Structure formats: structure tokens, C-alpha cells
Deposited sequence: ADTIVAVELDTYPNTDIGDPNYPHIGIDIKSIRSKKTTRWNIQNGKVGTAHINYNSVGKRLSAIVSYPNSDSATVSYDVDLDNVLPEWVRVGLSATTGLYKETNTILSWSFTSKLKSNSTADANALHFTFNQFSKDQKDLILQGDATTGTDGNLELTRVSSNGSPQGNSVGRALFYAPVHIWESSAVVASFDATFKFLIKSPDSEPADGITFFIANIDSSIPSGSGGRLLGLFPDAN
């Protein structure tokens, strides 16, 4: 089955499957049940920015989410990604809606990956500060589309700008990413994306994710709403 590592911007408390009782950011290691969460004060309709960082020396996967002028939310978890993920992965963003909804709009997305073994590390770096209708270097899955106002729309939003329920969508970068190998000395990656989460009715759902998966990964069956498009069950 897929091997998934993710940072989840979890907008909807699913307390029956281990969510804390408040919107949160979490680190997910091959399970929707986050290994660590921090309370996240989502600001409806504002543009937020997420930064994620890892290196094989410290073996600490960190994420921070912030809005303008507001306090940040940070979460970290000590995990040896070398032992967890395959040597070759694809990187991506995912989002879902359920009975409740939200725009899962991505305004920009940047990613850097380095793999060392003399400074001769191998590196991959990409930055989308703007998305075009034909984004050939993105693999779109599910309901995700590109082009609308130069944005990446992970979940189904009707033409009026209203978000739809029970949507799922993902975008993976086209090239595969080399994140470890047998001989490896140091590896590190770094990811950032700006997002816009708007929900009209009382509360939004279900969230946005930055994730790392085996190269052939696609939306698992049953992965909607609270499973953020990454996992088939809630184990």
C-alpha cells in the first residue's frame, strides 16, 4: 500500500478518530492519527503560509503555519524519514471536503530537496508562484484544477467561488524526487505554500496537506473528508 508522510492543516476536529478538539496542524506518519499536533487558529478567508523543513542529521520534521499579524502555530516530531519513506518519492498537496466545506485554494508552492554523498549534493528545486491552466509539470488527481485566477484549486469549487462538499483533490510534482540512497551522507528538504481557506457556513472542512508518497501514489478509495485524501482507513 502507499507509504505516506504528511503535514496536515486539519480544519475540522474528527475527535472520534483521535483529532484534538480544535483545528490543528499535525505531522502524519503513515496514519491519519497525527504523531503530534498543535492548536491552529484558522482565519476564515485569509491567506496563510505554511513552512515545512526536515534534514537527516537532526531527524526532526517541523511545520509552522502563520497568518499576517497573528501568532504562529508550530509542530515538530522526531522521526527518521530515511527509515520510513522509500528512496524515491513524489511530493504533493492534497485536500478534501466532507459534509462541511472550504475553499482549498493554493496560491503558491515551493519545494527544495537535497541529497549528498566535496559539495556535490544532488538537488531539486521548484517554485510555482502562479499556476497556469495547462500546468504540465503537475500531476493532478481527483478534483484538483489549475488556472483559475492563477491558483491551484485542490477541491471542487463551483464557478461562483463556492466550495463543494465531498470533494477530494491532489497535485504531485511531475518529476520523481530522490530523497535517500544506500550511500547517503545527508539529506534535507524544505517546502512552503500559501493557501486560502474560505468557508461560509459556520465551520470548514476538512483540510489541506503537503505530503510525501511513493511515486505511483493516487487517491486511495475511501480517503475523502477526514482522511484528507491520503489514507484508505483511519488506522
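Judged by missing C-alpha atoms, the one gap in the deposited chain sequence falls at residues 118 to 119.
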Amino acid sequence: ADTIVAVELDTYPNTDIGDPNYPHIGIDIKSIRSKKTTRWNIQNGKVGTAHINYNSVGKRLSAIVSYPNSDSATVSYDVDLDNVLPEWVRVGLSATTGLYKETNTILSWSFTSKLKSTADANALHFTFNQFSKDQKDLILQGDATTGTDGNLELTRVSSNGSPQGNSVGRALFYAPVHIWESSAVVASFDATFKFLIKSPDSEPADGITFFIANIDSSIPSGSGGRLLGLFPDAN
From here on, numbers count along this sequence of modelled residues.
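When the two stretches 87 to 95 and 142 to 150 are set side by side, the higher mean Cα temperature factor goes to 142 to 150.
As the entry records it, the average C-alpha temperature factor is higher for 130 to 138, out of 130 to 138 and 102 to 110.
For the set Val65, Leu61, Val186, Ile42, the maximum C-alpha B-factor listed in the entry falls on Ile42. Residue-level temperature factors show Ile4 in the lowest third of its chain, judged at the C-alpha atom. Per the deposited record, the Cα B-factor of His51 falls in the middle third when ranked against the other modelled residues of its chain. In the PDB entry, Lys35 places in the lowest third of its chain by CA B-factor. For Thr155, the recorded CA B-factor ranks within the middle third of the chain. Only modelled residues enter the ranking. The PDB entry assigns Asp190 a C-alpha temperature factor belonging to the lowest third of its chain's modelled residues.
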